[PDB]
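Raw contents of entry_20.csv, CSV, C-alpha atoms and all ligand atoms:
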```csv
chain,number,residue,atom,x,y,z
A,712,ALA,CA,-1.7,7.6,44.7
A,713,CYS,CA,-3.0,6.1,41.5
A,714,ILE,CA,-1.1,4.4,38.7
A,715,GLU,CA,-3.3,6.4,36.3
A,716,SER,CA,-5.2,5.1,33.2
A,717,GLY,CA,-3.6,4.0,30.0
A,718,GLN,CA,0.0,3.6,29.0
A,719,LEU,CA,2.0,4.3,25.9
A,720,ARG,CA,4.7,1.9,24.8
A,721,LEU,CA,7.1,1.8,21.9
A,722,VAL,CA,7.9,-1.7,20.8
A,723,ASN,CA,10.2,-3.4,18.3
A,724,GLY,CA,12.5,-0.4,18.0
A,725,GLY,CA,15.6,-1.2,19.9
A,726,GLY,CA,15.1,1.6,22.4
A,727,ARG,CA,12.6,3.3,24.6
A,728,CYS,CA,12.4,6.4,22.5
A,729,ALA,CA,11.7,4.7,19.1
A,730,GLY,CA,9.2,2.0,18.5
A,731,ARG,CA,5.9,0.9,17.0
A,732,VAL,CA,3.1,2.8,18.9
A,733,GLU,CA,1.0,0.7,21.3
A,734,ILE,CA,-1.7,2.1,23.5
A,735,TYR,CA,-3.0,0.5,26.7
A,736,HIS,CA,-6.8,0.5,27.1
A,737,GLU,CA,-8.7,-1.8,29.5
A,738,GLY,CA,-6.6,-5.0,29.7
A,739,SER,CA,-5.4,-5.0,26.1
A,740,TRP,CA,-2.7,-3.2,24.1
A,741,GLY,CA,-3.6,-1.8,20.7
A,742,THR,CA,-2.0,0.0,17.8
A,743,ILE,CA,-2.8,3.2,15.9
A,744,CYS,CA,-3.9,3.4,12.3
A,745,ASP,CA,-1.4,5.1,10.0
A,746,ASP,CA,-4.0,7.2,8.2
A,747,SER,CA,-4.1,10.9,8.9
A,748,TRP,CA,-0.8,10.5,10.7
A,749,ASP,CA,2.1,13.0,10.4
A,750,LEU,CA,5.0,14.3,12.5
A,751,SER,CA,2.7,17.0,13.9
A,752,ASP,CA,0.6,14.1,15.2
A,753,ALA,CA,3.8,12.5,16.5
A,754,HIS,CA,4.9,15.5,18.6
A,755,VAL,CA,2.5,14.6,21.4
A,756,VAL,CA,3.5,11.0,21.7
A,757,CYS,CA,7.2,11.9,21.7
A,758,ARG,CA,6.6,14.5,24.4
A,759,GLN,CA,4.5,12.2,26.7
A,760,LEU,CA,7.4,9.7,26.8
A,761,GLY,CA,9.7,12.6,27.6
A,762,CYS,CA,12.1,11.8,24.7
A,763,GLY,CA,11.3,15.2,23.1
A,764,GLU,CA,10.5,16.1,19.5
A,765,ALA,CA,9.8,13.7,16.6
A,766,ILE,CA,12.1,13.6,13.6
A,767,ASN,CA,10.1,11.1,11.4
A,768,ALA,CA,6.7,9.5,11.2
A,769,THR,CA,6.4,6.0,9.7
A,770,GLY,CA,3.3,4.4,8.1
A,771,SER,CA,2.2,1.4,6.1
A,772,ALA,CA,3.4,-0.9,9.0
A,773,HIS,CA,7.1,-0.3,7.9
A,774,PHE,CA,8.2,-0.4,11.6
A,775,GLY,CA,6.3,-3.6,12.3
A,776,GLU,CA,3.0,-5.5,12.4
A,777,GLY,CA,0.7,-5.2,15.4
A,778,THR,CA,-1.5,-8.0,16.4
A,779,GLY,CA,-3.5,-6.1,19.0
A,780,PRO,CA,-6.9,-4.6,18.1
A,781,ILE,CA,-6.9,-1.1,16.9
A,782,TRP,CA,-8.1,1.3,19.5
A,783,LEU,CA,-8.1,4.7,17.7
A,784,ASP,CA,-8.6,5.6,14.0
A,785,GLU,CA,-8.3,8.8,12.0
A,786,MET,CA,-6.5,11.0,14.5
A,787,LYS,CA,-6.1,14.7,13.9
A,788,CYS,CA,-4.0,16.5,16.5
A,789,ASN,CA,-2.8,20.0,17.0
A,790,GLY,CA,0.7,18.9,18.2
A,791,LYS,CA,0.6,20.9,21.4
A,792,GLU,CA,-1.6,18.5,23.4
A,793,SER,CA,-0.3,17.1,26.7
A,794,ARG,CA,-1.5,13.6,25.9
A,795,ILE,CA,-2.8,11.7,22.8
A,796,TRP,CA,-6.2,11.6,24.4
A,797,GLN,CA,-6.8,15.3,23.9
A,798,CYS,CA,-6.1,14.9,20.2
A,799,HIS,CA,-9.2,14.5,18.0
A,800,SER,CA,-10.3,11.0,17.3
A,801,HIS,CA,-13.3,9.4,15.5
A,802,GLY,CA,-14.1,7.2,18.5
A,803,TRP,CA,-13.2,4.3,20.7
A,804,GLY,CA,-13.3,1.0,18.9
A,805,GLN,CA,-13.8,2.6,15.5
A,806,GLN,CA,-11.5,0.2,13.8
A,807,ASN,CA,-11.7,1.0,10.0
A,808,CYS,CA,-8.0,0.4,9.4
A,809,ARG,CA,-6.1,-2.9,9.5
A,810,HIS,CA,-2.9,-4.6,10.7
A,811,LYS,CA,-1.6,-4.2,7.1
A,812,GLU,CA,-1.2,-0.5,7.7
A,813,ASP,CA,0.4,0.5,11.1
A,814,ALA,CA,1.8,3.7,12.6
A,815,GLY,CA,5.0,4.4,14.3
A,816,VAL,CA,7.1,7.3,15.4
A,817,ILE,CA,10.9,8.1,15.7
A,818,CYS,CA,11.6,10.6,18.5
A,819,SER,CA,14.8,12.6,18.9
A,820,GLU,CA,16.4,10.9,21.9
A,821,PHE,CA,16.7,7.5,20.3
A,822,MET,CA,20.3,6.5,19.8
A,823,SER,CA,22.2,3.8,18.0
A,824,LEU,CA,25.8,2.7,17.7
A,825,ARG,CA,27.9,0.9,15.0
A,826,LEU,CA,31.6,0.5,13.9
A,827,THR,CA,32.6,1.2,10.3
A,828,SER,CA,36.2,1.0,9.1
A,829,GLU,CA,36.0,0.8,5.3
A,830,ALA,CA,34.0,-0.8,2.4
A,831,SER,CA,31.7,-2.3,5.1
A,832,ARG,CA,29.2,-0.3,7.1
A,833,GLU,CA,29.0,-3.0,9.8
A,834,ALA,CA,32.5,-4.2,10.8
A,835,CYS,CA,33.4,-4.8,14.4
A,836,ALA,CA,37.0,-3.5,13.9
A,837,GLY,CA,36.7,0.2,13.0
A,838,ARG,CA,35.8,3.7,14.3
A,839,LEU,CA,32.8,4.0,16.5
A,840,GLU,CA,29.7,6.0,15.5
A,841,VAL,CA,26.8,7.3,17.4
A,842,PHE,CA,23.3,8.3,16.2
A,843,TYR,CA,21.6,11.3,17.7
A,844,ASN,CA,18.7,13.3,16.1
A,845,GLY,CA,19.3,11.4,12.8
A,846,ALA,CA,23.0,12.3,12.7
A,847,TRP,CA,26.2,10.2,12.7
A,848,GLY,CA,29.2,11.2,15.0
A,849,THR,CA,32.1,9.7,16.8
A,850,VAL,CA,33.2,9.9,20.4
A,851,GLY,CA,36.4,11.5,21.7
A,852,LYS,CA,39.4,9.2,22.3
A,853,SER,CA,40.4,11.1,25.4
A,854,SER,CA,39.8,9.6,28.8
A,855,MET,CA,38.3,6.2,27.8
A,856,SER,CA,38.7,3.3,30.3
A,857,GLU,CA,39.5,-0.1,29.0
A,858,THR,CA,36.3,-1.2,30.6
A,859,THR,CA,34.4,1.2,28.4
A,860,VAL,CA,36.0,-0.6,25.5
A,861,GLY,CA,34.6,-3.9,26.8
A,862,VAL,CA,31.0,-2.6,26.9
A,863,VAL,CA,31.3,-1.3,23.3
A,864,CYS,CA,32.2,-4.8,22.1
A,865,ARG,CA,29.4,-6.4,24.2
A,866,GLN,CA,26.8,-4.0,22.9
A,867,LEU,CA,27.5,-4.7,19.2
A,868,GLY,CA,28.5,-8.3,19.7
A,869,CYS,CA,32.0,-8.7,18.2
A,870,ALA,CA,33.5,-10.3,21.3
A,871,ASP,CA,33.3,-10.4,25.1
A,872,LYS,CA,36.5,-8.4,25.2
A,873,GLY,CA,38.0,-5.6,23.1
A,874,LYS,CA,41.2,-3.6,23.2
A,875,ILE,CA,41.6,0.1,22.3
A,876,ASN,CA,43.3,0.7,18.9
A,877,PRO,CA,45.2,4.0,18.8
A,878,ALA,CA,45.7,3.6,15.1
B,879,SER,CA,-14.5,-5.3,-42.0
B,880,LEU,CA,-11.1,-6.9,-42.3
B,881,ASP,CA,-10.2,-7.7,-45.9
B,882,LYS,CA,-8.6,-11.0,-45.1
B,883,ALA,CA,-11.3,-13.7,-44.7
B,884,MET,CA,-12.1,-17.3,-45.4
B,885,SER,CA,-15.1,-17.8,-47.6
B,886,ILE,CA,-17.5,-19.7,-45.4
B,887,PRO,CA,-21.3,-19.9,-45.4
B,888,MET,CA,-23.4,-17.6,-43.3
B,889,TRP,CA,-25.2,-19.8,-40.9
B,890,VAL,CA,-27.9,-17.4,-39.7
B,891,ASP,CA,-29.2,-13.9,-40.3
B,892,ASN,CA,-31.6,-11.4,-38.7
B,893,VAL,CA,-30.9,-12.2,-35.1
B,894,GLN,CA,-33.3,-10.5,-32.7
B,895,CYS,CA,-32.7,-10.7,-29.0
B,896,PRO,CA,-35.0,-10.1,-26.0
B,897,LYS,CA,-33.9,-8.4,-22.8
B,898,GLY,CA,-31.3,-10.2,-20.8
B,899,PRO,CA,-30.6,-13.5,-22.5
B,900,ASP,CA,-27.7,-15.4,-21.1
B,901,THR,CA,-26.5,-16.5,-24.5
B,902,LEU,CA,-27.4,-16.0,-28.2
B,903,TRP,CA,-29.1,-19.4,-28.3
B,904,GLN,CA,-32.0,-17.9,-26.3
B,905,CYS,CA,-32.6,-15.2,-29.0
B,906,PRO,CA,-35.2,-16.3,-31.6
B,907,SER,CA,-34.3,-15.8,-35.2
B,908,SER,CA,-34.7,-17.2,-38.7
B,909,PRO,CA,-34.0,-20.9,-39.5
B,910,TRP,CA,-30.5,-22.1,-40.2
B,911,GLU,CA,-29.2,-21.5,-43.8
B,912,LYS,CA,-26.1,-22.7,-45.5
B,913,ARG,CA,-26.2,-20.0,-48.2
B,914,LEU,CA,-23.0,-18.5,-49.6
B,915,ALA,CA,-21.9,-15.4,-47.7
B,916,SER,CA,-21.3,-12.1,-49.4
B,917,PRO,CA,-18.4,-10.1,-47.9
B,918,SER,CA,-20.5,-7.2,-46.8
B,919,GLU,CA,-23.0,-9.3,-44.8
B,920,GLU,CA,-20.4,-10.7,-42.5
B,921,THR,CA,-20.4,-9.0,-39.1
B,922,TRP,CA,-17.5,-7.7,-37.1
B,923,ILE,CA,-18.1,-6.5,-33.6
B,924,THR,CA,-15.6,-4.7,-31.3
B,925,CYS,CA,-16.4,-5.1,-27.6
B,926,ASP,CA,-15.5,-2.3,-25.3
B,927,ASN,CA,-12.1,-2.1,-23.7
B,928,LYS,CA,-11.3,-4.5,-20.8
B,929,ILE,CA,-9.9,-1.6,-18.6
B,930,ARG,CA,-11.3,1.9,-18.2
B,931,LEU,CA,-10.3,5.0,-16.2
B,932,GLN,CA,-13.1,6.6,-14.2
B,933,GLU,CA,-13.8,9.8,-12.3
B,934,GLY,CA,-10.8,11.7,-13.7
B,935,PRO,CA,-11.0,15.3,-14.7
B,936,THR,CA,-9.0,14.2,-17.7
B,937,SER,CA,-10.7,11.4,-19.7
B,938,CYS,CA,-7.4,9.5,-20.0
B,939,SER,CA,-6.7,9.5,-16.3
B,940,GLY,CA,-8.6,8.3,-13.3
B,941,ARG,CA,-9.1,5.3,-11.1
B,942,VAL,CA,-8.3,2.0,-12.7
B,943,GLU,CA,-11.3,-0.2,-13.4
B,944,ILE,CA,-11.2,-3.7,-14.9
B,945,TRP,CA,-14.2,-5.7,-16.2
B,946,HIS,CA,-13.9,-9.1,-14.6
B,947,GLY,CA,-16.6,-11.7,-14.0
B,948,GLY,CA,-19.1,-9.5,-15.7
B,949,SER,CA,-18.6,-6.6,-13.3
B,950,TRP,CA,-16.3,-3.6,-13.1
B,951,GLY,CA,-13.6,-3.8,-10.4
B,952,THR,CA,-10.7,-1.8,-9.1
B,953,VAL,CA,-7.1,-2.4,-8.0
B,954,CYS,CA,-5.9,-2.2,-4.4
B,955,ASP,CA,-3.2,0.2,-3.2
B,956,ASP,CA,-0.9,-2.6,-2.0
B,957,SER,CA,2.5,-2.7,-3.6
B,958,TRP,CA,1.6,-0.1,-6.2
B,959,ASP,CA,4.4,1.8,-7.9
B,960,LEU,CA,5.0,4.0,-11.0
B,961,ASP,CA,6.3,1.0,-13.0
B,962,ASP,CA,3.1,-0.8,-12.4
B,963,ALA,CA,1.2,2.3,-13.8
B,964,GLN,CA,3.1,2.0,-17.1
B,965,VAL,CA,1.2,-1.2,-18.1
B,966,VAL,CA,-2.3,0.2,-17.5
B,967,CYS,CA,-1.8,3.3,-19.8
B,968,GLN,CA,0.1,1.2,-22.3
B,969,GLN,CA,-3.3,-0.5,-22.9
B,970,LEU,CA,-5.1,2.8,-23.4
B,971,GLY,CA,-2.4,4.1,-25.7
B,972,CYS,CA,-1.9,7.2,-23.6
B,973,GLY,CA,1.6,8.5,-22.9
B,974,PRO,CA,3.7,7.0,-20.1
B,975,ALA,CA,2.5,7.6,-16.5
B,976,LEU,CA,3.8,10.8,-15.0
B,977,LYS,CA,2.9,9.9,-11.4
B,978,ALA,CA,1.0,7.3,-9.4
B,979,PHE,CA,-1.4,8.1,-6.6
B,980,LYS,CA,-2.6,5.9,-3.8
B,981,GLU,CA,-5.1,5.4,-1.0
B,982,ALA,CA,-8.1,6.5,-3.1
B,983,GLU,CA,-7.3,10.2,-2.8
B,984,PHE,CA,-8.6,10.5,-6.4
B,985,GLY,CA,-12.0,9.1,-5.6
B,986,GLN,CA,-13.9,6.6,-3.4
B,987,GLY,CA,-14.0,3.1,-4.8
B,988,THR,CA,-16.9,1.3,-6.4
B,989,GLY,CA,-17.6,-2.3,-7.4
B,990,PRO,CA,-16.1,-5.5,-6.2
B,991,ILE,CA,-12.3,-5.2,-6.0
B,992,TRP,CA,-10.5,-7.9,-8.0
B,993,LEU,CA,-6.7,-7.4,-8.1
B,994,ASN,CA,-4.1,-6.9,-5.3
B,995,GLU,CA,-0.4,-6.8,-4.9
B,996,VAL,CA,0.0,-6.2,-8.6
B,997,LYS,CA,3.6,-7.1,-9.8
B,998,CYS,CA,4.4,-6.0,-13.3
B,999,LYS,CA,7.8,-6.0,-14.8
B,1000,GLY,CA,6.9,-2.9,-16.8
B,1001,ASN,CA,7.1,-4.6,-20.2
B,1002,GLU,CA,4.1,-6.9,-19.7
B,1003,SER,CA,1.2,-6.5,-22.2
B,1004,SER,CA,-1.8,-6.7,-19.8
B,1005,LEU,CA,-2.4,-6.7,-16.0
B,1006,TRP,CA,-4.3,-9.9,-16.5
B,1007,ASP,CA,-1.0,-11.4,-17.8
B,1008,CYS,CA,0.8,-9.7,-15.0
B,1009,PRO,CA,1.4,-11.9,-11.9
B,1010,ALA,CA,-0.7,-10.8,-9.0
B,1011,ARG,CA,-3.2,-12.2,-6.6
B,1012,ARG,CA,-6.2,-12.9,-8.7
B,1013,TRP,CA,-10.0,-13.6,-8.4
B,1014,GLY,CA,-10.6,-11.2,-5.5
B,1015,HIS,CA,-9.9,-12.5,-2.0
B,1016,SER,CA,-8.0,-9.2,-1.5
B,1017,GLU,CA,-10.2,-7.8,1.3
B,1018,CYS,CA,-8.8,-4.3,0.7
B,1019,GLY,CA,-11.0,-1.5,1.9
B,1020,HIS,CA,-12.5,0.7,-0.7
B,1021,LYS,CA,-10.5,3.6,0.7
B,1022,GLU,CA,-7.5,1.6,-0.7
B,1023,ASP,CA,-8.6,1.7,-4.3
B,1024,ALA,CA,-5.9,3.0,-6.7
B,1025,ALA,CA,-5.7,5.6,-9.4
B,1026,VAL,CA,-3.1,7.1,-11.7
B,1027,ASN,CA,-2.7,9.7,-14.4
B,1028,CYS,CA,-0.9,9.5,-17.8
B,1029,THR,CA,0.1,11.7,-20.7
B,1030,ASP,CA,-2.5,12.4,-23.3
C,1,CA,CA,-3.0,4.0,4.7
C,2,CA,CA,-4.0,14.0,12.0
C,3,CA,CA,-10.0,4.8,8.0
C,4,CA,CA,-1.9,1.0,2.0
C,5,CA,CA,4.3,-3.7,-8.0
```
Write out the structure in this file as structure tokens.
Amino acid sequence: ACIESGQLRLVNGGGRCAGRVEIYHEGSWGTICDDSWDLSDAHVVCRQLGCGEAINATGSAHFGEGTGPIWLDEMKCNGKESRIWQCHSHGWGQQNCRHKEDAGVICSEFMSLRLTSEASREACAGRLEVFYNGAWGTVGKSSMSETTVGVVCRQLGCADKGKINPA
Amino acid sequence: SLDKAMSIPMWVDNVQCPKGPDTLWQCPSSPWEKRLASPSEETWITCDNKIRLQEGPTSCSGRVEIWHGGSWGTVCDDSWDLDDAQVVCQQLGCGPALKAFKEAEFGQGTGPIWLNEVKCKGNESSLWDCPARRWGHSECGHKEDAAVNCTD
């Protein structure tokens, strides 16, 4: 009957499965240094969130900039650990990196959506695309409610209402 | 000695310096003379190169070290690219850079770091002429010192 110690959040990504890595210790949230970080080091974090396996690992604060103090530095992990705490670390509060270089992960369950008709990757009047495991695909036309159309438009933001185009 | 010269008197001769004078004027020498100067007695000195490559298995390649403010300094890893590496080996006369390396994998840094965020168009003569954050204040870690290799 305990809320357990420490929590792992993915921020600034647009989904729960993809985001800049932030770790909860004490009453503060901190980021992970990007050095000695690879997809093998990202298998554990993607597993603990339940999303699954990792498809990319980002460094040099490409995903974003973290203001919180760095908790862990220079992590080397097998990739089969249940939680990031079992992965090797230099030590708590051993901040040798900086907010200039930050670490993030991209799991497999993260998804995105867009409409593309022609000559324009973002165009709110075109075929629908879905993004799964770093791949682009469409959904079947069969058995789609007009309400489902409405949510599609609301998600991307072309209009409050949309109408199915058979063409 | 370069052949082209302007015939002008040799002010002093036989300059002898002690250890660590700030400037020549601290070095005792013979009294001033306005004598006519023979072409041979004029002195030409070639100071060492402003930039040097260190700790590289090849002499031409290594970490990039720049003599600034009387001390040798390095270049940070921020915004470093292959085109930036073209300028440095253009100074040495070595061939164009084959690859650029980063995060001090080549060696651990030394000296006070001077330059950061170096931005070279690729045709610029010197990094000093290149636009970049100058005069230190880069606060890069020594693990961020940069190094490249170039054709011999
Ligand atoms: Ca780094
Ligand atoms: Ca590691
Ligand atoms: Ca470090
Ligand atoms: Ca860096
Ligand atoms: Ca640059």
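Comparing the minimum interatomic distances between ligand CA 3 (chain C) and each of A:867, A:836, A:743, A:822, counting only C-alpha atoms and all ligand atoms, we find that A:743 sits nearest.
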Can you tell me which residues come within 7 Å of ligand CA 3 (chain C) when counting all atoms listed in the file, ideally as JSON, numbers by chain? {"A": [746, 784, 785, 807, 808]}
If we count only C-alpha atoms and set the cut-off at 7 Å, which residues sit around stretch 861-863 of chain A, ignoring sequence neighbours fewer than 6 positions away in its own chain? Please answer as a PyMOL selection string. chain A and resi 871-873
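Restricting the atom set to all atoms listed in the file, one finds that the residues within 7 Å of ligand CA 5 (chain C) amount to residues 957, 958, 959, 962, 995, 996, 997 and 998 of chain B.
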Using only C-alpha atoms, the shortest atom-to-atom distance to chain B among A:812, A:776, A:733, A:715 belongs to A:812
List the neighbours of residue B:1022 out to 12 Å using all atoms listed in the file; skip same-chain residues closer than 6 positions along the sequence, and give me the result as a ChimeraX atom specification. /A:746,771,807-809,811-812 /B:941,952-958,979-988,991,993-995,1016
When you look at residue B:1027 with a cut-off of 8 Å (counting all atoms listed in the file), what residues show up, excluding the ones that are within fewer than 4 positions of it in the same chain? I need them as a ChimeraX atom specification. /B:938-940,975-978
At a cut-off of 6 Å around ligand CA 2 (chain C), and using all atoms listed in the file, what residues come up? Please write them as a list in words.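 Going residue by residue within 6 Å of ligand CA 2 (chain C), we get residues 747, 748, 752, 786, 787 and 788 of chain A.
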Would you mind listing what lies within 8 Å of residue A:741 as a list in words, with only C-alpha atoms counted and same-chain residues fewer than 5 positions away left out?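 Returned residues: residues 733, 734, 735, 736, 777, 778, 779, 780, 781 and 782 of chain A.
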Distance criterion (all atoms listed in the file): nearest to residue A:727 out of A:769, A:739, A:866, A:823: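 Closest to residue A:727, using all atoms listed in the file: A:823.
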Residue contacts of residue B:947 (10 Å, all atoms listed in the file) excluding same-chain residues fewer than 6 positions away, as a PyMOL selection string: chain B and resi 990+992+1013
Which protein, DNA or RNA residues are at most 7 Å from (-1.7, -3.1, -23.5) in the file's coordinates when you count all atoms listed in the file, listed as number ranges by chain? B: 965-966, 968-970, 1003-1004
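Residue nearest ligand CA 1 (chain C) within the list A:865, A:874, A:799, A:773: A:773 [criterion: smallest interatomic distance, all atoms listed in the file].
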From the set B:945, B:919, B:1029, B:1023, which residue has the shortest atom-to-atom contact distance to ligand CA 4 (chain C), counting all atoms listed in the file?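 Ranked by minimum distance to ligand CA 4 (chain C), first place goes to B:1023.
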Atomic separation - atom CA of residue A:731 relative to atom CA of residue B:1024, Å: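 A separation of 26.6 Å between them.
Protein and nucleic acid residues near (-14.2, 0.5, -13.1) are residues 929, 930, 931, 932, 941, 942, 943, 944, 945, 950, 951, 952, 988 and 989 of chain B, the criterion being any atom at most 8 Å away using only C-alpha atoms.
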The selected residues should be written to file as a compact mmCIF listing (two decimals), in the frame of the given file (atoms: C-alpha atoms).
```
# COMPACT_ATOMS: atom_id res chain seq x y z
CA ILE B 929 -9.90 -1.60 -18.60
CA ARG B 930 -11.30 1.90 -18.20
CA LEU B 931 -10.30 5.00 -16.20
CA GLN B 932 -13.10 6.60 -14.20
CA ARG B 941 -9.10 5.30 -11.10
CA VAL B 942 -8.30 2.00 -12.70
CA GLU B 943 -11.30 -0.20 -13.40
CA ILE B 944 -11.20 -3.70 -14.90
CA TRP B 945 -14.20 -5.70 -16.20
CA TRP B 950 -16.30 -3.60 -13.10
CA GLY B 951 -13.60 -3.80 -10.40
CA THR B 952 -10.70 -1.80 -9.10
CA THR B 988 -16.90 1.30 -6.40
CA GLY B 989 -17.60 -2.30 -7.40
```
